[PDB]
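[1] just the starting chains for now, same placement as in the complex:
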Amino acid sequence: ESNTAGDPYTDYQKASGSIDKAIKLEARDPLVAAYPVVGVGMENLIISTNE
Amino acid sequence: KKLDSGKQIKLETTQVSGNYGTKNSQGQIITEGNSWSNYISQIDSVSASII
Amino acid sequence: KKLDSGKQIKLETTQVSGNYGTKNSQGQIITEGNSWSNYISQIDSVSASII
Amino acid sequence: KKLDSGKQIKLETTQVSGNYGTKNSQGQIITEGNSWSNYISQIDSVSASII
Amino acid sequence: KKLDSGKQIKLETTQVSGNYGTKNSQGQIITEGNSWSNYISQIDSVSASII
């Protein structure tokens, strides 16, 4: 496999570091995948009664 | 007025549209010009349905 | 007012537009620049109809 | 008010736009960017018109 | 209220845009990227006017 971890970057790019410099160094191991886990949290809710 | 009675609304899916992925020799996956509609009719003509 | 009587609305199709598929060396099918309207008149002009 | 009388509405075609078909690099017919308006003035300019 | 008097609406043309025709890599005439506005300023600044 050229992409062992299944992510857009190959094993050489991840091992050497020729990727986004904002990527955690954890993901520079060809077994750990570069992967964002994004979630939304609501803080408060406003209601506008259009009488 | 008909719905304010024992009448219910059913839902029938008539078709589904979606993409498939195509890898290069690296892990570059594209899912844009790739439609399953191009192949639904061809697969349903050379096959036998098993469920 | 006509409609709230014996009068009925008829539906007749004047034309139909749609695509054909063209493969490649592999089984990559494309149905986007392929328009049947480019060939409808040419087919009608060199043929005999049999129903 | 003028129309609730002997007055009628006429209809005059000031121009008509459309396409012509050519064969692209392969045996496929294309009619997309081939506009007839590019050739109307030029055809009228070098011709005699017989009806 | 001005208009329901001797006052009239005049029409003045500030500019006109349009295309010209050139032969493309085929025998076909193309008038899409061709714009007379690209040459209106250049012709006026190299010539003399005659009416």
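    Nice, I can see it. Residues are numbered from 1 along each chain as shown, chains lettered A, B, ... in the order given.

[2] does residue A:23 sit in a helix, a strand or a coil?
    Here residue A:23 is recorded as coil under DSSP: H, G, I helix; E, B strand; the rest coil.

[3] apart from its neighbours in sequence, what residue is nearest it?
    Spatial nearest neighbour of residue A:23, excluding adjacent residues (CB to CB, 6 or more residues apart in numbering or on different chains): residue A:34 at 5.4 Å. Just so you know, the C-beta spots here come from the backbone N, C-alpha and C atoms, and that holds for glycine as well.

[4] if I pick the one you found, what's in contact with it?
    Residues in contact with residue A:34 (CB atoms under 8 Å, 6 or more residues apart in numbering or on different chains) are A:5, A:7, A:8, A:9, A:14, A:19, A:20, A:23, A:27.

[5] host element of it?
    For residue A:34, there is no host helix or strand (DSSP states H and E).

[6] so what's the backbone phi/psi at it?
    phi -70, psi 120 (degrees, to the nearest 10).

[7] quick check: the gap between the residue most central in space within chain B and chain A.
    Centroid-nearest residue in chain B: residue B:16, 3.4 Å away (criterion: CA atoms, centre = their mean). Here residue B:16 is placed at a distance of 26 Å from chain A (CB to the nearest CB, to the nearest Å).

[8] what's around residue 38, how many residues?
    Picked chain A for this. By other CB atoms under 10 Å in any protein chain shown, the residues close to residue A:38 number 4.

[9] think we crossed wires, I meant chain B
    Close neighbours of residue B:38, defined as other CB under 10 Å, add up to 20.

[10] next: residue A:44.
    4.

[11] ok but it is inside a strand, no?
    No - assigned with three-state DSSP, residue A:44 falls outside any strand and is coil.

[12] and the residue in chain B that chain C sits nearest to, what element?
    Nearest residue of chain B to chain C, counting by CB to the nearest CB: residue B:38, 4.0 Å away. Taking DSSP H and E as the criterion, residue B:38 maps to helix B:37-43.

[13] can you add chain F next? sequence is:
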Amino acid sequence: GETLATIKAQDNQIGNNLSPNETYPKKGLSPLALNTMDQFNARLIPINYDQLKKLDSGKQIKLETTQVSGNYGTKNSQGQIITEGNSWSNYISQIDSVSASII
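    One more chain to add, chain F, which I have set with the ones above:
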């Protein structure tokens, strides 16, 4: 303590150039108008009745900038300068990672 609206600047509010140590509009001009909220600049920014009654007191509306989009300049095959497909957010994260900030 509540966000009325989050507005992205559309065509009427985009600044074509912004050099360092400068503003848009320039030093001698009057500020922009952030009037609308939709994409085509045809829908104004509404508040409801409670927020309007809150404004008819000492309460003030604050403005925070959460991000800015913009381009940089690059020379193409010819000697032209292309600033169209050149986004700064492609590097905003990478620069913040390999750097120390000094103000």
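
[14] the neighbour count of residue A:44 again please, this time with chain F.
    Residue A:44 has 7 neighbours, counted by other CB under 10 Å.

[15] can you list contacts of stretch B:23-34?
    Against stretch B:23-34 from outside (CB under 8 Å, 6+ apart): A:2-3, A:6-10, B:19-22, C:30, C:32.

[16] next, format those residues as a markdown table and append distance to residue C:1, secondary structure and neighbour count.
    Supplementary listing: the contacts of stretch B:23-34 in a markdown table, determined by distance: CB to CB, whole Å; DSSP: H, G, I helix; E, B strand; the rest coil; neighbours: other CB atoms under 10 Å in any protein chain shown:
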| residue | distance to residue C:1 | secondary structure | neighbour count |
| --- | --- | --- | --- |
| A:2 | 72 | coil | 13 |
| A:3 | 69 | coil | 19 |
| A:6 | 66 | coil | 10 |
| A:7 | 67 | coil | 18 |
| A:8 | 64 | coil | 14 |
| A:9 | 70 | coil | 22 |
| A:10 | 72 | coil | 21 |
| B:19 | 50 | strand | 12 |
| B:20 | 53 | coil | 12 |
| B:21 | 57 | coil | 10 |
| B:22 | 58 | strand | 13 |
| C:30 | 51 | strand | 16 |
| C:32 | 46 | coil | 11 |
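
[17] once you drop chain neighbours, what's closest to the residue nearest to the centre of chain B?
    Excluding its sequence neighbours, the residue lying closest to residue B:16 (CB to CB, 6+ apart) is residue B:36, at 7.9 Å.

[18] count the neighbours of that neighbour for me.
    Residue B:36 has 12 nearby residues by other CB under 10 Å.

[19] in this structure it contacts residue B:17, no?
    Yes - using CB atoms under 8 Å, residue B:36 is in contact with residue B:17, at 7.4 Å.

[20] and residue A:49, what helix or strand is that in?
    Residue A:49 belongs to no helix or strand, assigned by DSSP H and E.

[21] one more, chain G:
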Amino acid sequence: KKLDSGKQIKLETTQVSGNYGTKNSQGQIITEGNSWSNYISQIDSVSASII
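    Once chain G is put in with the chains from before, the structure reads:
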């Protein structure tokens, strides 16, 4: 109400966008991708302004 008085509406130009002409592979003048905003700052940063 402020305008139904001695007060006037002033107008200020904050920026102007536009194109410049460039002769492409053939003798055609192109002004589409060419924007003066790409050079406004560069010109203002290497120059003295004489009026």
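
[22] go back to the neighbour count of residue A:44, now with chain G?
    The number of residues packed near residue A:44 is 7, by other CB under 10 Å.

[23] can you pull the contacts of it?
    By CB under 8 Å, 6+ apart, the neighbours of residue A:44 are residue F:2.

[24] so who does the residue of chain A found nearest chain C touch?
    In chain A, no residue comes nearer to chain C than residue A:2, which is 20.5 Å away by CB to the nearest CB. Counting by CB under 8 Å, 6+ apart, residue A:2 touches A:10, A:11, B:25, B:26, B:27.

[25] what's the most distant pair in those?
    A:11 and B:25 (13.0 Å; CB to CB).

[26] more neighbours: these two, which one.
    residue A:11 (16 against 7).

[27] any chance of the backbone angles for that one?
    Note on residue A:11: its backbone torsions stand at phi -70, psi -40 [degrees, to the nearest 10].

[28] any idea how far it is from chain B?
    10 Å.

[29] mind listing what that residue touches?
    Listed by CB under 8 Å, 6+ apart, the contact partners of residue A:11 are A:1, A:2, A:3, A:4, A:30.

[30] from the residues you listed, which is closest to chain E?
    Nearest to chain E among the contacts of residue A:11, with distances taken as CB to the nearest CB, is residue A:2, at 39.1 Å.

[31] mind checking how far that closest one is from chain D?
    Applying CB to the nearest CB, the value for residue A:2 to chain D is 34 Å.

[32] what helix or strand is residue A:14 on?
    Per DSSP H and E: helix A:11-16 holds residue A:14.

[33] how about residue A:48: what's its closest non-neighbour residue?
    residue F:48 (4.0 Å).

[34] please apply the same query to residue A:10.
    residue A:2 (4.8 Å).

[35] is it possible to export the contacts of residue A:2 to TSV including distance to residue A:47?
    Formatted as TSV, those follow (distance: CB to CB, whole Å):
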residue	distance to residue A:47
A:10	51
A:11	52
B:25	54
B:26	50
B:27	46
